[PDB]
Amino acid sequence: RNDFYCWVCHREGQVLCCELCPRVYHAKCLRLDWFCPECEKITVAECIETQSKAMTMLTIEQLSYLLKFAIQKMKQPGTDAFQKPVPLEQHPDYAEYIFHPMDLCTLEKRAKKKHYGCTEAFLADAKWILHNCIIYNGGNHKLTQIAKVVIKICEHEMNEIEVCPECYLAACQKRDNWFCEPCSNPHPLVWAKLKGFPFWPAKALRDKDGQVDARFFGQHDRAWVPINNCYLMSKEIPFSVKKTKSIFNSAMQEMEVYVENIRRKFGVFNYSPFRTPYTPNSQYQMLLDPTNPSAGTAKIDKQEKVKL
């Protein structure tokens, strides 16, 4: 049955009904057979023609395995009040206000039964936990603060699956040298300079608004770096004054383990001349002959269904 409280502001009043789901909205909270914004986002994300790069590389069963790790991060210590359904015997008026209850145990069971076709659908279902807490307990209750942090963890984990599902699973399991594991579409290796930090080796995971999502060898920290401050990996080092030599040496050692792993899996790794700029979705390091780019990639391909 249809909800009585607006999905945006969590208050009652004259509200519009979605044709596909039980959510309701004030016309003014959206600034104008109707399908709500949650249903529109999910439909686009689950259509093969408009699905994300992460969804193109995953089956529904594979996505269910990654959502189980996201549930573990959402179940932080102190989230006890949201780990099981609200006991109606202990709050006898709960169902007079909450028509669509949700909790972390129910969210975990729906993920296991392969109910979710995209990351957007898991976050949209998780959000009933916060919406219900605000209606019943109030916007300034101690439990509402806990529910807001649970939703922010869920948002972060969905964003991490979408950046690269293989990096996500490697970071979850933490095998020895997990950061040196190459992905099926290998991330280019760069020298990256962040303002105020020395030039350092990093993996380039994404390109957005003239920036590169860099993941640094050694500490495994991350930052958006300007594209003009990124060069393809080279033997000559762009020198920077550094506080501790041994930390730089460990990062370079870990970087050389990643390069040998790449050469075993794909059969090639091309270092570039000094100060060669990084370009979006660079293919230079995988070329069969770096002086003949028209010849293309070295990857032979054996029609492998390998993935899991």
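Start at 1 with the first residue shown and count on from there.
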Interresidue gap class [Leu32, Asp33; deposited sequence, unmodelled]: 4 to 9
Average Cα temperature factor in the PDB entry - higher stretch of 176 to 184, 162 to 170: 176 to 184
185 to 193 versus 76 to 84 - greater average Cα B-factor per the deposited record: 76 to 84
Highest recorded Cα temperature factor - choice among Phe248, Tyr65, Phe239, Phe266: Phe266
Selection by C-alpha B-factor (highest) of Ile262, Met252, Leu58, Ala45: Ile262
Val8, C-alpha B-factor rank within chain (lowest, middle or highest third): middle
Assigned third (lowest, middle, highest) for the C-alpha B factor of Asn281: highest
Third assignment of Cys39 from its chain's C-alpha B-factors: middle
Within-chain third of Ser52 by Cα B-factor, per the entry: lowest
Third of chain Cα B-factors occupied by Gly210: middle
